[PDB]
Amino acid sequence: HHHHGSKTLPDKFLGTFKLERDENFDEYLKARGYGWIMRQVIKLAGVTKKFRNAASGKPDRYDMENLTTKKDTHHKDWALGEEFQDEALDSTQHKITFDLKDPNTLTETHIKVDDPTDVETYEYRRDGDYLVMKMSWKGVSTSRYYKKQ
């Protein structure tokens, strides 16, 4: 049962979401330290995000995939507020935690294993048929729009 201590992911966040457009992603990637070549390939790559109830059938456990033009990530059987270690899109190991700030806000925090000082949180919000991913680095903000499929 899902009403005994673990958080439930609102249905709002379940499904397939395809990257359609973004705002200020280039200056954000620049603040993060990416040179021109890397920024072009990062910002113009196709992204499909998938969030589902865990295929294993464990209640309040989830699966999420980041499917891109090149690298894909597959995070299986995670729980909200529970940290796990896995390979991220940069092909390195990260400590990841998905959590709920409130029923309308999903967070995703990454800590680099080889750089524990590198800590970053991504925020997801639903806005109509869109999942909006928000990020901020050194005062530079960006929003990426994923159309629910």
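Numbers for residues come from their place in the sequence shown, where the first is 1.
For the segment pair 79-87 and 114-122, the entry gives 114-122 the higher mean B-factor, averaged over Cα atoms. Taking the PDB entry as given, 54-62 carries the higher mean Cα B factor of the two stretches 54-62 and 40-48. Comparing the C-alpha B-factors of 137, 13, 17, 25 in the entry, the top value falls on 137. Ranked by C-alpha B-factor against the other modelled residues of its chain, residue 104 falls in the highest third. When the modelled residues of the chain are ordered by C-alpha B-factor, residue 97 sits in the middle third.
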